[PDB]
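Below is one structure, written out as structure tokens, with a few remarks after it.
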Amino acid sequence: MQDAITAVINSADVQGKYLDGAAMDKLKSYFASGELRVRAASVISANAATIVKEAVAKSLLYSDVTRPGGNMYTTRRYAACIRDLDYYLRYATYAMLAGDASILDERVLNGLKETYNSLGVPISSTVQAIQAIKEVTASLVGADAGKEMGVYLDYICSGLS
Amino acid sequence: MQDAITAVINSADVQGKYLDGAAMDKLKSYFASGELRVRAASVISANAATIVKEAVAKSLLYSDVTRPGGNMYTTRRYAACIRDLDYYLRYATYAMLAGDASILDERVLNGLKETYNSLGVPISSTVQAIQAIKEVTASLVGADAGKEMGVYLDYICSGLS
Amino acid sequence: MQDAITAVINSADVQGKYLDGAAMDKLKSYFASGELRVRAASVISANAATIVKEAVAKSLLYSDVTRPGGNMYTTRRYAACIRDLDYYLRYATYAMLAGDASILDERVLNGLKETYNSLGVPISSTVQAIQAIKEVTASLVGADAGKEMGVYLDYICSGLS
Amino acid sequence: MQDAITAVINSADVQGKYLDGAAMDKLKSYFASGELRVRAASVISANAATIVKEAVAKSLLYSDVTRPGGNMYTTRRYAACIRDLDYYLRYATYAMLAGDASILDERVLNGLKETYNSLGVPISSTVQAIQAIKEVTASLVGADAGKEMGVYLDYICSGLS
Amino acid sequence: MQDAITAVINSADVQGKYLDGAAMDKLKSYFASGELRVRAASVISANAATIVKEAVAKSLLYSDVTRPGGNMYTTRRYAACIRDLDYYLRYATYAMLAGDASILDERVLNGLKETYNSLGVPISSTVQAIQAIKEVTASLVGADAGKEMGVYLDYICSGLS
Amino acid sequence: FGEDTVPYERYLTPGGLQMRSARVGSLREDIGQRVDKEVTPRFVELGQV
Amino acid sequence: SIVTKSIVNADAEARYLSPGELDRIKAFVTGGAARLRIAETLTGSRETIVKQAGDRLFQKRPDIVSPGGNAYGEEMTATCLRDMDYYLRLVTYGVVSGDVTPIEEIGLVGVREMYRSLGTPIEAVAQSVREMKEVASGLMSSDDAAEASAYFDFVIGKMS
Amino acid sequence: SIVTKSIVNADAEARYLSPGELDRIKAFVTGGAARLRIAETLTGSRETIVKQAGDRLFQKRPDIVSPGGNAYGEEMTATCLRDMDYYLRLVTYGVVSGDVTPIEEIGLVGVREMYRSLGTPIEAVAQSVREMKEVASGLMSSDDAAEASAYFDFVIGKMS
Amino acid sequence: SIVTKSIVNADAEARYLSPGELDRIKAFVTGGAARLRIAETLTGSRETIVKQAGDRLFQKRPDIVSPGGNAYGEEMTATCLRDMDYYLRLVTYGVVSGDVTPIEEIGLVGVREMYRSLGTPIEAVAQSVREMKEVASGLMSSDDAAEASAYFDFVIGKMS
Amino acid sequence: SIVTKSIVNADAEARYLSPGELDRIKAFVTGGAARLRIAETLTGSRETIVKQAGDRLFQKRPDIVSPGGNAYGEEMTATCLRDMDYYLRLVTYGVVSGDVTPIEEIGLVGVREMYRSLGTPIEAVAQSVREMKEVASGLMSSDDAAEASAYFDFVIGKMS
Amino acid sequence: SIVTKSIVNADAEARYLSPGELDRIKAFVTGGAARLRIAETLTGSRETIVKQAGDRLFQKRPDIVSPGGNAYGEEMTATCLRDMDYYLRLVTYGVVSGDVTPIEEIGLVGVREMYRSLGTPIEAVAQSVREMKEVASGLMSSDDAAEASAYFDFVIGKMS
Ligand SMILES: *[C@@H](C)[C@H]1/C(=C/c2[nH]c(/C=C3N=C(/C=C4\NC(=O)C(CC)=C4C)C(C)=C\3CCC(=O)O)c(CCC(=O)O)c2C)NC(=O)[C@@H]1C
Ligand SMILES: *[C@H](C)[C@H]1/C(=C/c2[nH]c(/C=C3N=C(/C=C4\NC(=O)C(CC)=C4C)C(C)=C\3CCC(=O)O)c(CCC(=O)O)c2C)NC(=O)[C@@H]1C
Ligand SMILES: *[C@H](C)[C@H]1/C(=C/c2[nH]c(/C=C3N=C(/C=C4\NC(=O)C(CC)=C4C)C(C)=C\3CCC(=O)O)c(CCC(=O)O)c2C)NC(=O)[C@@H]1C
Ligand SMILES: *[C@H](C)[C@H]1/C(=C/c2[nH]c(/C=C3N=C(/C=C4\NC(=O)C(CC)=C4C)C(C)=C\3CCC(=O)O)c(CCC(=O)O)c2C)NC(=O)[C@@H]1C
Ligand SMILES: *[C@H](C)[C@H]1/C(=C/c2[nH]c(/C=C3N=C(/C=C4\NC(=O)C(CC)=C4C)C(C)=C\3CCC(=O)O)c(CCC(=O)O)c2C)NC(=O)[C@@H]1C
Ligand SMILES: CCC1=C(C)/C(=C/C2=NC(=C\c3[nH]c(/C=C4\NC(=O)[C@H](C)[C@H]4CC)c(C)c3CCC(=O)O)/C(CCC(=O)O)=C2C)NC1=O
């Protein structure tokens, strides 16, 4: 995986040049936003379960999917759906801390669409669930870091689509 | 698609021999059932729209599916649901006439889960709609021919599973 | 695709409600911004190719991308990249006129990242070219309308990166 | 392991002879007792958590071993101790269903004493804890199977002491 | 393993008491010596290979062990010996950064005496090598950091002997 | 198409439609999500004069 | 909307929008205040239009609410008035959008098949929409009535 | 501790400490005076914090002291306050050590099995230590409360 | 970086990052200006350090430029100075990253096999990086010299 | 089912079905009529079992239905009765199948995680299943009550 | 307002305002920005305060929403939450005005007689405003929480 530091290092390295100020300002901006990322990650790590709880309550509960015949009908499939949303929230927290969406398409997205197509998982329903996660964590954390979290959540949705 | 006759001819043809006595017994069993199959197909083909009307009134109407926010709300989606139930009734009649579910495996269940997941179609609600079709058809035609229709309707349901 | 009016109408339809006060406020805001959207669309439709040609002069020319071994080396590949930036500018103009990114998601970003990964197109260089388009359009159009165009071009950057 | 029914089979295997009456009557006694053994095993399987809870409550609770300075003070030590008690109850259930203590001699009494000496686990505390296991099981089932449970628990006492 | 702060925290937890001055004096001593330990570890990691080569030059070269028939003759054996020596140096650096020698007497001295007695490695010659390492580090990093290294190094000597 | 009609995209694969309409934009609120009819609360309605 | 229609046409042509289409969007943007006024009047008087037009419908076509009719009963009459309120809401959507596109997307495609499956007379639904048009045209100003009558007569023509 | 986790990472990768983690240990050493100051004020207020937090806990959830709760009786409430005192001691231990490792290896893993065998509501004791962190953040200064609240919220997350 | 290390370790343990790593991350974030300053100092003196250290290496050990040597030839010495520029660039990468992972992932894995193939003496490469360390430490301030020489001795320790 | 377990146990050691498995399957077949009778009276009395057991549950545990509780409100009460009907249906499935693996595969894997996400007290759900056990055991003969209470007590053990 | 109090005192004395009183409006003017910030915080967080305070009030006093209670129905519960919204608006008025005069003049004179006529438990109204104070102090900073809780405690003292 790559964070913003390794991203700008490899961007300098692929052209083989040293660090210029047009690259050093990227590291300065990342160190400006780092404490915001750390505090938002601490809030999300403290409140990881309740984000998923109110997200499923906002989006997936009392819908077609929990009814008999739905994809999250049995308790095994419900626990698998909660596990998937925990995966999405934790890896989006990782991407928010890194400041680069490399871990998302390098450890979540590279085959998950094929896996969901083989399992019959509703990708649009998972996208709506991740949007519910985004609204809950935006209300919980704040607008400034919630936007950065929502960028990687929409990255996860775009990889899923 | 394969009926019982083409299934017997296929099983003899891949052996390269003619029809032996067990093949004759299977054909005579199918010819014995063919009277009931033709009568049930005639009754369903006559009262095709009434079965869909009764099933939609039984299972889908005056619910959140047909209310605003549901997937049967917009009238193009309502007419699409009517067309889908006519699809299920007509291909279940085809599978009853054939005595085999290969027609459902080839044209009905071919990516239907992926299609409904991409569209956002409620799998649980359409399974309940096919169940209402099964109950209305079993009420209309009888116990034995209704059970014969219900075998392929439950096959469509388990394909949607 | 949807514009701002179509998005408001769709939200009110999904709620099953008439146009309340807040929906009329959003409609009045869009009707207020429509003058600036029309003027910006006319200015960009005038200076369509000019934005692209100093954008590639600012971002892409005289680099290893243009030099042999680069992805924009041949005249065919150069015309392909010029056409791609023309499409990006035209669709950002469409999104700025509509007030929504629905056309960007429907007709640009669907499979665009997979297309560029299959072709080997540099994502970072393409993003920097779109940033050059954003800077030239902001310098040429104005402040608020240039900021709106920058918002939709950054949406294209977020969907592509 | 080997059961009570297989015990006479193994003894006759060593002797190289068939079943004799001094083992026939023991096998008939096991056949007469086996229904109350299997039902008492079913009862303690249904109420298995209550035995561990009451044993911890009336033997190990509010003691030197669970106060600071004790070998069962910390939460990890408590979880390990209740897991050990649950395993003791499950293997005692296995023996009282099976009619033999070979399951305890092989799958419990292999090196448990030496691991407890390695860990510094209080042997006398475990011995009074399995006395509490005896009292709770005898209260739950009754003395008719309580003495039968106490035979294998006294086997545990002799093995661990 | 157990460093200084976890050691005093465990000593407090055995008595079940909050941290008082009788451990906080040693805690202030550790935090006063911490930057000395880090700078000494930096110097030792800077000169880590040179310490080993001067130690083997001043204690182990031109001896009966590196004569044929000795305990350091073959090339694999010499590589293993210098591997042991910079293992001892690096784990002594670990204990010197930690403030306690739990890592030294556990993850180095678990079975080191027994395996050296089985192999035939001269314990006295290894003690002389460790004393040579101690003299080189004391002459290279200073007096106070040198004797702090020497405490853990003759702790290693006492573990070997 | 007749002799005068340019061909046009008539049918899609489900995967292609999912790529087009399963992104963050251009996806409706009622596709795979329960839509709760939000309303002004009854106490706010009573508090309005 | 007409903005959506112009953007769709320009996208099909793969070009920027023609200045005639820019002037169309300009004219719609300037004239949207009157459209919002029409939609506000219909939204405010949504209940009396439905009630009076339902009464005029049931007097003109007594068969649909007599016993044996499709809308006989209080709950069936409530469902019929709910359908009329739905169509008036779609008329407000079309007035706001400036074109018949949301009306056709939400409530005209498959309407024939839907009402044929329900057994409801589509001609009587068209008569209900016609009475709603008459009551709304009586309730608003004449230029506003002429503007709303285009969308109303679109619904009439697509039902008939 | 953070020093022992640094050397665990170091000998897991089987080499000496990196300069970044050496400067990180330097930063931990320099901040350890502030963490020890937090330790002094917490061990000075070790009684009033746990007493006010227990009073807030019984005021929030009266069903604990009501019949049907686990902590019914004077010895039961004394053991509940003793558990809260142990967890406050663990939070002070973590503030001293610089990481959540002592809380994890003393009283935070296996707490589900602990309170399942006890019958104690895990959300109720999470609420109790939440009131502990609120009273602690009230009594601390802003930077000290911000430092201790991360470890407190880790206790909340792993004991919720 | 340390962010990448902590996220990778928490991912392998399938858990969120604890505050015991989050405080380390925010400390690395806050203490970045010194590393940035050392980075622009090194890339300002990127040429002269390479020139002086190459001059010192070829005067200290003339076997490199001896006939039959590995770098006998003007283009061979040019590629040797280019390798010195490469490792100075990697040292600047490690300085601006605050970690040894960029040097390890770019120019330390397979270096022994690479120079074992090419015949270039690995101890003379270590001497080259050591001489760059001495020139840079002479060129810059003493605490910054120690900070840069930390990564420099990491490189020469992985070399030998 | 028992047939499934016997075939799986034979196939795992790659042989045909043993005489012990044939005797077990024969016992399953002979007890099929009694098991079918138990399942038939359960599904015939499925409404009154859920009604009476829900009434007894809500009398014995008013906290889950009082305000602030998980099931407070008519919709949440109906959802709780729906969950009880779901578990009664799974009990009938287990009674038909002769073992506990349909109940395990449908409604007893991830049940703790699901109800923890829902906020529902799993011990109160176990109390609901215990009341269903008592009400259903009062509606049959003694051997039938014991046979059904075996599957009921399996659900009790999996919930608590 | 304190300017109204000082001008009433000066007018009843028939004189001009003393320099101490001019300092009263002076310091009131200086504190006006912070008072407006507190009132704007409450106004922005209006509905959340009322909903959480209502839920916690109904949790602590289940009898008022039980059948036979004063607020059993949904409309009566809405009247409860409406009274709460009234008192929250009065608290914001008092925060803006800098004194308890608008709260007392609008909704605290004759409140006992009004709620006795309505059959409403005045102590449960006091508990409801106490829960409102708790939620406001939860989502407000501590000094501003004390500033709002002064007016909240005035309301509680007038109810009790
Ligand atoms: C001369 C052209 C080259 C050279 C040689 C050189 N070697 C040493 C010292 C030692 N070499 C060994 C190696 C071995 N001993 C063994 O028994 C075996 C396997 C059979 C090997 C490979 C050892 C152990 C030493 C240390 C002396 C000892 O034996 O105790 C030196 C001396 C260096 C010193 O500092 O004393 C020298 C000079 N050096 C070169 O540059 C030429 C390539
Ligand atoms: C060198 C100081 C003296 C010497 C020693 C000698 N060592 C070996 C090989 C081994 N060294 C170790 C030690 C460790 N392995 C670990 O993982 C750790 C913890 C970090 C330690 C301390 C071990 C276990 C061996 C055994 C085999 C191996 O290579 O791993 C040998 C070789 C024995 C053989 O020939 O089989 C020798 C001789 N001998 C001397 O004379 C030096 C004074
Ligand atoms: C009233 C003018 C006429 C009439 C109406 C009538 N309609 C129904 C039933 C339904 N009609 C619809 C149609 C729509 N749903 C939509 O979302 C829209 C566009 C916004 C339309 C037009 C639907 C879905 C139903 C089903 C009701 C449900 O929600 O489940 C009935 C009831 C028929 C029945 O058998 O229940 C009636 C009576 N009937 C007349 O005679 C008038 C001509
Ligand atoms: C108080 C916040 C809540 C609660 C308390 C309660 N505690 C007990 C008794 C025990 N609690 C523990 C737990 C620990 N001991 C440790 O050393 C540690 C780690 C530091 C923990 C987490 C233990 C072991 C006991 C048993 C006492 C003993 O050591 O023998 C009880 C009594 C249980 C009973 O049934 O008697 C209670 C009630 N309950 C609540 O409702 C409060 C929310
Ligand atoms: C009743 C005994 C207890 C209780 C119940 C309660 N349940 C819910 C909500 C849900 N429960 C489930 C669980 C299942 N779905 C299945 O398909 C199966 C197995 C067949 C199970 C066990 C689900 C999915 C829901 C969500 C509703 C939905 O259909 O989407 C609630 C509501 C909680 C909420 O926040 O909505 C309640 C109250 N509560 C009690 O107090 C009793 C102990
Ligand atoms: C192998 C196929 C191939 C072609 C054809 C090619 C063309 C090419 N010509 C360029 C520029 C240019 N080309 C010219 C050349 C000319 N101006 C004139 O007036 C003369 C008429 C004419 C040449 C006879 C100039 C002046 C520029 C620079 C334009 C600018 O920078 O504004 C550039 C951009 C500069 C760059 O390389 O980064 C490219 C890519 N590249 C390729 O890989």
Side-chain angles (χ1 to χ4, degrees), chain A residues 54-66 70-71 85 122-139 150 153-154 156-158 160-161, chain B residues 63-78 80-81 116-123 125, chain C residues 1-20 22-23 26-27 30 98-106 155, chain F residues 17-18 20-40, chain G residues 1 4 86 89-90 93 96-97 101-102 105-107:
Chain A
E54 281 69 355
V56 175
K58 190 185 292 292
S59 57
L60 291 178
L61 292 190
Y62 301 96
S63 65
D64 43 343
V65 208
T66 56
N71 195 238
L85 286 195
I123 293 172
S124 50
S125 293
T126 59
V127 160
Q128 295 277 24
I130 294 161
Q131 290 306 300
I133 293 175
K134 174 212 280 173
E135 281 117 21
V136 166
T137 193
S139 78
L153 287 171
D154 301 316
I156 286 187
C157 292
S158 308
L160 257 187
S161 78
Chain B
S63 170
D64 48 16
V65 177
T66 191
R67 260 196 296 278
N71 210 8
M72 208 181 173
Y73 161 61
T74 302
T75 183
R76 63 193 207 255
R77 299 214 290 255
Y78 193 104
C81 191
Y116 276 180
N117 274 352
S118 59
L119 290 164
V121 178
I123 297 295
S125 294
Chain C
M1 54 89 69
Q2 320 167 13
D3 48 52
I5 301 168
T6 308
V8 164
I9 290 183
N10 281 350
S11 66
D13 195 18
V14 164
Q15 297 296 319
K17 299 197 291 186
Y18 280 68
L19 285 317
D20 61 350
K26 306 182 85 82
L27 291 161
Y30 180 72
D100 201 352
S102 304
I103 186 161
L104 291 183
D105 274 300
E106 274 171 13
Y155 192 85
Chain F
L17 183 61
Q18 205 176 222
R20 295 187 175 180
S21 48
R23 317 199 95 258
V24 169
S26 76
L27 170 127
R28 307 291 183 87
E29 308 187 11
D30 56 318
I31 290 303
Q33 177 199 2
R34 182 197 80 256
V35 177
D36 301 320
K37 269 201 57 177
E38 66 262 11
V39 63
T40 59
Chain G
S1 166
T4 286
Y86 276 179
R89 182 168 51 90
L90 298 194
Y93 291 161
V96 152
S97 68
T101 297
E105 289 292 326
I106 300 159

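Because only heavy atoms are used, hydrogens play no part in the values below, and waters and symmetry mates are left out as well, while side chains stay in. Here is how names work: the chains are called A, B, and so on, in the same order as the sequence lines, proteins then strands, and each is numbered from 1.
Looking at G:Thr101 and G:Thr4, their side chains never come closer than 4.5 Å, going by heavy atoms from C-beta outward. No side-chain heavy atom of A:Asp64 sits under 4.5 Å from any side-chain heavy atom of B:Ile123. A heavy-atom distance below 4.5 Å is not found between the side chains of A:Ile130 and F:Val24. When side chains are defined from C-beta on, C:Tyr155 counts as touching C:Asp105, because their heavy atoms get closer than 4.5 Å.
Residues that satisfy the salt bridge (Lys or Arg N to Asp or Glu O under 4.0 Å) test with F:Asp30, not counting sequence neighbours, are B:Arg77. Among residues two or more places apart in sequence or in another chain, the salt bridge (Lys or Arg N to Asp or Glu O under 4.0 Å) test is passed with F:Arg28 by none. The salt bridge (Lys or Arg N to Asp or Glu O under 4.0 Å) check on F:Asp36 picks up F:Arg34, with sequence neighbours excluded.
In this structure, the side chain of B:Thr66 does not engage the main chain of B:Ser63 through any donor-acceptor pair within 3.5 Å. A:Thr137 contributes no side-chain N or O that, together with a main-chain N or O of A:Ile133, makes up a donor-acceptor pair within less than 3.5 Å. Counting only distance, with no hydrogens or angles, the side chain of F:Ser26 and the backbone of F:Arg20 share a donor-acceptor pair below 3.5 Å. Checked by atom type and distance alone, the side chain of C:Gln2 never pairs as donor or acceptor with a backbone atom of C:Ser102 at under 3.5 Å. Between the G:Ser1 side chain and the G:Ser97 main chain, a donor and an acceptor come within less than 3.5 Å of each other. For B:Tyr78 (side chain) and B:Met72 (main-chain N/O), no donor-acceptor pair under 3.5 Å exists by modelled atom type.
Nearest heavy-atom pair, A:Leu60 versus A:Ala129, reported as atom, atom and distance to 0.1 Å: CD1-CB, 4.0 Å. Considering all non-hydrogen atoms of both residues, F:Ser21 and F:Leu27 come closest at O-CD1, 3.4 Å. Of all non-hydrogen atoms in B:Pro68 and C:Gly16, the two that sit nearest each other are CB-CA, 3.7 Å. Residues C:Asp3 and C:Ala98 share a closest heavy-atom pair of CB-O, 3.3 Å. Closest non-hydrogen pair, A:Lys58 versus A:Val136, comes out as CE-CG2, 3.9 Å. In plain terms, the two heavy atoms of A:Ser158 and A:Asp154 that are nearest each other are OG-O, 2.7 Å.
In this structure, CD in F:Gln18 is found 9.0 Å from CG in A:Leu160, a value given to the nearest 0.5 Å. With rounding to the nearest 0.5 angstrom, the OH atom of G:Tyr93 is 12.5 Å from the OG1 atom of C:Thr6. Distance check: G:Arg89 CZ to C:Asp13 CG gives 5.0 Å after rounding to the nearest 0.5 Å. Here OG1 of A:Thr126 is found 9.5 Å from CG of B:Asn117. Values are rounded to the nearest 0.5 Å. A distance of 4.5 Å separates OG of A:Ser161 from CZ of F:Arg23, quoted to the nearest 0.5 Å. With rounding to the nearest 0.5 Å, the separation of CG in B:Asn71 from CD1 in F:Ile31 is 6.0 Å.
Checked options F:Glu38, F:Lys37, F:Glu29; the residue passing with C:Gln15 is F:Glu38 (criterion: side-chain hydrogen bond (donor to acceptor under 3.5 Å, both in side chains)). Applying side chain to side chain contact (heavy atoms under 4.5 Å, CB included) to C:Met1 and the options C:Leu104, C:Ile103, C:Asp100 leaves one that passes, C:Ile103.
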Working for side-chain contact (heavy atoms from CB on, under 4.5 Å), residues A:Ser59 and A:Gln131: CA-CA 9 Å; A:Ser59 57; A:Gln131 290 306 300; over 6 Å; no
